[PDB]
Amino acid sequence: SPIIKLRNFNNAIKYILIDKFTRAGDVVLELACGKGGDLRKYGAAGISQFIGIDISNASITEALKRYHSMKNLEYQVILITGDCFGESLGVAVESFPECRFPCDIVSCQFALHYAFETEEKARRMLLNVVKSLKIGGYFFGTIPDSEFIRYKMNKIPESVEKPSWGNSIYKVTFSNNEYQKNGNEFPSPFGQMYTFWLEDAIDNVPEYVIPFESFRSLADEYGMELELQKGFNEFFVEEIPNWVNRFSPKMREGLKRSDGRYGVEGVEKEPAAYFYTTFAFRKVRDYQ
């Protein structure tokens, strides 16, 4: 399946990204952890403690069910329902004093753009990140790539009321064309909504652009400086040599293309390799 190949590729991206920044003994806070599908990736990195928070009780229930079916684990796991973006994290974690804060790593996969609903939420998310992180610690994850979004939008005429593009397995549909009416610039970095469909994965969910320059400038205000901004394709090309043989046999065969090399080809290439970017920052100073 194109979708199976996409899932395997993005799973590989996460393995690589987690390993790149997470070191043995680290304490990890995972924001918007969903159903907690990356635990084994953090275990491979040798962490000491994992704290996962998600706003969905149904997702946390599933993550706890997945956790409790694991065995011989060498790290502690805390899984919590709470709002990571609209409220202070202290609300979510107060009844879990076993959390070891500040932590060494904050991660967030396929979710941070929901914090760009408004400026207030973007700032609250960043304040939660930096208050949780030690000086010198890292914040990393995976988001839709505003630069690829802008490329596509720059090819859409102003006559289109709901700018849209896609292929047989994915589709983006913007709520409005204010980008096009405003000289190919969003009227605000925040709240710029589009619905995202990905076959058998994402059911037309509204989400928000995360303009990378605004994310970066806000992060700097809160004391975090840029470490990584490579799109999935470039990231994979650069890192796969060190990993081709680190991956499970099943993940490796899944990554093999028809020409015998590694990556994605075919219809899944655009959504898997171009639509998303990695990000990482380092906390370099305390924020008042």
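In case it trips you up, residue 1 is the first one in the sequence shown, and so on.
*Asks:* Comparing 15-23 with 265-273, which has the greater mean CA B-factor as deposited?
*Replies:* The entry gives the higher C-alpha B-factor average to 265-273.
*Asks:* Look over 229-237 and 245-253 in the entry and identify the one with the greater average Cα temperature factor.
*Replies:* Taking the mean B-factor of the alpha carbons in each, 245-253 is higher.
*Asks:* Given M70, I55, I51, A219, identify the residue with the highest C-alpha B factor in the PDB entry.
*Replies:* Of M70, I55, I51, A219, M70 has the highest C-alpha B-factor.
*Asks:* Have a look at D203, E117, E213, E158 and flag the one whose Cα has the highest B-factor in the entry.
*Replies:* Within the set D203, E117, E213, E158, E158 shows the top C-alpha B-factor.
*Asks:* Which third of the chain does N184 land in by C-alpha B-factor: lowest, middle or highest?
*Replies:* According to the entry, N184 has a C-alpha B-factor in the chain's middle third.
*Asks:* Please say which third, lowest, middle or highest, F196 falls into when its CA temperature factor is compared across its chain.
*Replies:* Lowest third of the chain for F196's C-alpha B-factor.
*Asks:* Among the modelled residues of this chain, does the Cα B factor of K152 put it in the lowest, middle or highest third?
*Replies:* As the PDB entry reports it, the C-alpha B-factor of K152 lands in the lowest third of its chain.
*Asks:* By the record's CA B-factor, is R282 among the lowest, middle or highest third of residues in the chain?
*Replies:* Ranked within chain, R282 CA B lands in the lowest tercile.
*Asks:* Divide the modelled residues of the chain into thirds by Cα B-factor and specify which third, lowest, middle or highest, holds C99.
*Replies:* It belongs to the highest third of the chain when residues are ordered by C-alpha B-factor.
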